[PDB]
Each structure stands twice: as structure tokens, then as C-alpha cells.
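**Student:**
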Amino acid sequence: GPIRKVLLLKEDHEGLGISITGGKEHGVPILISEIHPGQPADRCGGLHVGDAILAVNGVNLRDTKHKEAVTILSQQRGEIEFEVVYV
Amino acid sequence: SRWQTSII
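First to last, the sequence lines map onto chains A and C. Numbered by PDB author numbering, the letters in the first sequence go through residues 284 to 370 in order. Numbered by PDB author numbering, the letters in the second sequence go through residues 3 to 10 in order.
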């Protein structure tokens, strides 16, 4: 599908509210496998199960290993911009 | 399940 930019707003006491799977070591992008109800990703409205996370706040995630992506994603705070695509 | 999954 088309590449999309999506804004997520998160408070500091919360996580992102997604599960991710995949990563470079598996030969696939970082993929959203779950959107947890009522948490920030669900609330933002623009992120879906099956989306590949291409970048977050300008950080490319296209060639990142799973745990690299976890560290990068979990470091983001506040107003967080995602670049995503559904294939 | 071959791939890692993390809740974040």
C-alpha cells in the first residue's frame, strides 16, 4: 500500500501499545502484530496490525534487528511520528 | 513463532 506518516501521542507512564515482530535477522521488516486496546497506538487511530514500521521520528527501521528496534522504539517520548506501510 | 515478538 501507500507509505503513510502517522502521529502518536504518548505520556511517559505508558508504552506504545503495540506488539512488534520481525526484524532484519528474520529477513522481514519490523511489523506490528498487535495493537493493544486503549493504549496509545490504538488511540492515535492510524496504526494497524500488518503495518511495517519503516521509521520512527526520522530513524530508519528498515534494516534493524528486532532488539535494535525495541530499543529505538521504546526510547521515543511524547509526540512520536511513524512512517509505516501496509503490504 | 520463528520470529521474535516484543510488547512495547
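C-beta: ideal position from N, C-alpha, C; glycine also.
1) May I have the straight-line CA-CA distance separating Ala-324 (chain A) from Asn-343 (chain A), to the nearest angstrom?
2) Go ahead and pull the three-state DSSP assignment for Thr-304 (chain A).
3) Can you tell me where the alpha helix (DSSP H) holding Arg-326 (chain A) begins and where it ends?
4) Measure the alpha-carbon distance for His-296 (chain A) versus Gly-321 (chain A) and round it to whole angstroms.
5) Could you tell me the distance, in whole angstroms, from the CA atom of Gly-329 (chain A) to the CA atom of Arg-360 (chain A)?
6) Assuming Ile-303 (chain A) contacts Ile-313 (chain A) under a Cβ cut-off of 8 Å, what Cβ separation, rounded to an integer in Å, is found between them?
7) Our contact map puts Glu-317 (chain A) next to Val-332 (chain A) with C-beta atoms below 8 Å; I'd like the distance itself, whole angstroms only.
**Tutor:** Quick answer:
1) In a straight line, the C-alpha of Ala-324 (chain A) is about 19 Å away from that of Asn-343 (chain A).
2) Of the three classes helix, strand and coil, the one that applies to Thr-304 (chain A) here is strand, per DSSP.
3) Boundaries of the alpha helix (DSSP H) harbouring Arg-326 (chain A): 323-327, taken from the DSSP string.
4) Taking the straight line joining both Cα atoms gives about 14 Å.
5) Their backbone Cα atoms lie some 18 Å apart in a straight line.
6) The beta-carbon separation of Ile-303 (chain A) and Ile-313 (chain A), rounded to 5 Å, stays under the 8 Å limit for a contact.
7) For a cut-off of 8 Å, the C-beta gap from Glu-317 (chain A) to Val-332 (chain A) is around 6 Å, short enough to register as a contact.
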